[PDB]
Amino acid sequence: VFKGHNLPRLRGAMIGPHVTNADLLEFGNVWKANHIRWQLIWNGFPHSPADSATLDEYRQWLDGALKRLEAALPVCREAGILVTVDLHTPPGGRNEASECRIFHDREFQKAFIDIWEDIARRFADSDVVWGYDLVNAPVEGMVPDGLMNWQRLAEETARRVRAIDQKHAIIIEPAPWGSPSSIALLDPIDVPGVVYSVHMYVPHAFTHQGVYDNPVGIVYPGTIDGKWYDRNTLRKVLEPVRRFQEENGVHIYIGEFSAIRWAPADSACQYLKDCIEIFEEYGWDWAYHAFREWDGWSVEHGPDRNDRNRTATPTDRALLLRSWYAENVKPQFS
């Protein structure tokens, strides 16, 4: 089974676009993470200035984002970290329904392929880059005649990247949203060195409680959306992903998973523990969402939605992540 790295497991986190060199060195050398997902994100997700920007404005933004990623790679090497390059905001962004314009517009669809050829050329020889996550949480909506849907665009883009780059994993999330259930909708891509990826936030009423218009006070384990949720329910959520893994003989990467920090009592920590245990049973690489990004997802911030101060002492959730990072092997660079 192709993984694209020679370690037992990648365990790390999403970082924020403003992550400092000191943050990276601390995360690798002190927290013992061996992995980050580097999001090429224009301000926010799922809504961004990309949604209304011209292709020229978008290419200018992305060139700045790639310059910082390039500058960060030698720091990741020093920190013992392998990197996922995540195109988090694609050219044209998304319409009001969060559907990606790369599925709707000939110029944006062509730009997606041209951009990935440029990124593959830039990083083809990097021993720090692990994989190319072609688009974050793809959502198609209506695909006009003459344009590729995600199945076809993924395959074409992966083929063009593989022509340039003979080493790195190509990471493909299913549409819609990179959700576990969506993997059943994706056919394996006929390109070598492909890794498949989903994000784990199910159930959203729990993991995103007190975000958007979602009520707070949702306990885990417990009854959520009229259904019993515990580790067995999360196994059932992830069953289509385990099936895809086993039936296709492919590797799985969890690009994001989290539970909001202000979930009641130890609910968020239990959710993360249950997720990680399942990922570990199945041999899945994983990135926690997120290290030093929005504080709702921060293990350095506390249980109170109204308190945005870092905690004085380590949280349950931070101790859990570091206990798993302590199992990591660091990459050997030459």
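Residues numbered from 1 in each chain as written, not as in the entry; some residues may be left out. Heavy atoms only, no water.

Looking up the chain in the PDB entry gives the name Endoglucanase, with the organism given as Thermogutta terrifontis. One UniProt comment on the chain, placed under Sequence similarities (unreviewed entry), says "Belongs to the glycosyl hydrolase 5 (cellulase A) family." (UniProt positions renumbered as here; feature names shortened; annotations may be inferred.)

## As for the packing of helix α2 (residues 55-79) against helix α3 (residues 106-123)
Taken N-terminus to C-terminus, the directions of α2 and α3 make an angle of 20°; their axes are 12 Å apart at the nearest point. Comparing their axes, α3 and α2 come out roughly parallel. The crossing of α2 and α3 is right-handed. When α2 is examined against α3, the residues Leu55, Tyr58, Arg59, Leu62, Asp63, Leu66, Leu69, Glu70 and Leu73 are found in contact with a partner set consisting of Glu107, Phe108, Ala111, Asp114, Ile115, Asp118, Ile119, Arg122 and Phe123. A breakdown of the residues in the contact of α2 with α3 according to their chemical character gives eleven nonpolar, no polar and seven charged. (Axes fitted to C-alpha atoms, helices over the stretch in contact; angles between N-to-C directions. Helix = DSSP H or I, 4+ residues; strand = E, 2+ residues; numbered from the N terminus. Parallel < 35°, antiparallel > 145°, perpendicular 65-115°, else oblique. Left-handed = near helix turned anticlockwise from the far one by under 90°. Contact = heavy atoms within 4.5 Å. Nonpolar A, V, L, I, M, F, W, Y, C, P; charged D, E, K, R; others polar.)

## As for the environment of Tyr229
Relative to the elements of secondary structure, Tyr229 occurs in strand β8 (residues 227-229). Given a relative accessible area of 5%, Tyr229 falls into the buried group. In this structure the C-alpha to C-alpha distance between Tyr229 and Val219, which are ten residues apart in sequence, comes to 9.4 Å. In contact with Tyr229, not counting residues within four places along its chain, are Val202, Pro203, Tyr220, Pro221, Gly222, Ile224, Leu234 and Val237. (Buried < 20%, exposed > 50% of the residue type's maximum accessible area, 1.4 Å probe, protein only.)

## Let's talk about the side chain of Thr207
Tracing the chain through its elements places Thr207 in helix α5 (residues 204-207). Given a relative accessible area of 0%, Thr207 falls into the buried group. Beyond its immediate chain neighbours, meaning those up to four positions away, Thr207 contacts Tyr201, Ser258, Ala259, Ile260, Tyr271 and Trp297.

## Focus on the pairing of strand β3 (residues 82-87)
Among the six residues in β3, six count as buried, and that is most of the element. Burial along β3 is two-sided: the face carrying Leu82, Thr84 and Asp86 and the face carrying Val83, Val85 and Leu87 are both buried. Here strand β2 (residues 35-40) pairs with β3 via six bridges, running parallel. Opposite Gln39, over in β3, you have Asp86 as the bridge partner. Between β2 and its parallel partner β3, the chain crosses via α2, and the hand of that crossover is right-handed. Here four bridges tie β3 to strand β4 (residues 129-133), and the two strands are oriented parallel to one another. Following the sheet pairing, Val85 is matched in β4 by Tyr132. (Pairing = 2+ DSSP bridges. Right-handed = clockwise from strand over helix to strand, strands pointing away.)

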